[PDB]
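Quick setup: one chain, the form deposited in one PDB entry, written in structure tokens, and binding and motion questions come after.
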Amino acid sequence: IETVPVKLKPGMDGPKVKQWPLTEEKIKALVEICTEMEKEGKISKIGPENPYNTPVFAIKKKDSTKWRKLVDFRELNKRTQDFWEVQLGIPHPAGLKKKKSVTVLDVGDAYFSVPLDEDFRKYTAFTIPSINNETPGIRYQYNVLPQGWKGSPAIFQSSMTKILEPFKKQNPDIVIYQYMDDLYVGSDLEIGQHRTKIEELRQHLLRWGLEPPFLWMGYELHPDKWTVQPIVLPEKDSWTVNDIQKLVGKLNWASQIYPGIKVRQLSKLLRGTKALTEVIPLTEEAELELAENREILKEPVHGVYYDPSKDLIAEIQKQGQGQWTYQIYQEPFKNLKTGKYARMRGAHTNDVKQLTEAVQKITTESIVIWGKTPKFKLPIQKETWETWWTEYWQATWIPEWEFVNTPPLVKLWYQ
């Protein structure tokens, strides 16, 4: 009811980010959405004395006709003060990633109940463009906490705990975690018992509301299901020259991650100029070396530790046939997580759709485990990605990304 004071960071001006081209269907959707929001006091039209801008688009489920407004606040979130006034932050719940079920809810609609500081509103300016710029873009700013902005969960956090206060002591084993517009609710209970308690939670929020367009949704994860990718070497009865070459290449790379890995005795087998397809019998010294290497690869990487002060970096490789590998790290060769996907649904002839879904799944894994999104290195040309990723995006947040333009030779080793 009374606004919390909020500032930009020192020497930083508000965002002035270009609005990118929108399809006719998204413009129509946003014109209806914003008309309703202005009617309900959430946003107001602004004048030309406001030079700021953040881009907007919209996403929807294929079977919904209801669109979700998505403001891309990445720049504003960078330029907004970090609030350590009431808490230095959230001690990220390490037990969340251990629950047999975690349901993801969009609770961002609750944010609209809190007014935004009157001096800060101008920095939330956005524009609804017109096809072919035939009419001037419609300019608005927010009067209330906007979804997608870093400040909204912080300022609303005092109210959010006070709404979960019946769920608090009634279900003391449920871990609840908030990230941007998302609420993560973890439990070890049977899937039917889990869902009832999810709907249990929804009512507490709809109760407080007295309507939220998307709180009824529920994306269900099973972090207990989440798999890893250790380094494994082939088990063969006969090795060609080529097989041994690729083994020593793989071991060469792995020696950058694992110290005791040796390739001396195996390299010695490549002594000679034989046909690539000739079978070479394994010497016993090479047999020993291979076995010792296999046992090294069974252990964890040494000196691996998460530091919350550093960025997370995520790399992705296209392996073909709808398969994608990825690694999350902070320092090179100190992987905090590796994985592999194949279940890219509804995209057997669209690489970019698959990569986009991979990016979203990796980001939600990162949010669950460390409470923050990674910076992606994407194996795609910038113009291809920028033209299409908003057509397949289904999440309420957006990570940062850069583009890889030279083929990694290590793609071979995560195969």
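Rigid core: the largest C-alpha set superposing within 1.5 Å between the two forms. Numbers for residues come from their place in the sequence shown, where the first is 1.
The same protein also exists as the form deposited in another entry; that form is not shown, yet it is the one meant from here on.
Core-superposed comparison between this form and the one not shown: the C-alpha position of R264 differs by no less than 2 Å. The rigid-core alignment places the CA of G95 less than 2 Å apart between this form and the one not shown.
Positional change of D307 between this form and the one not shown stays under 2 Å at the C-alpha, relative to the superposed core. Cα of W84 to Cα of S152: at least 3 Å shorter in the other entry than in the shown structure. Between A154 and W84, the Cα spacing is smaller in the other entry than in the shown form, differing by no less than 3 Å.
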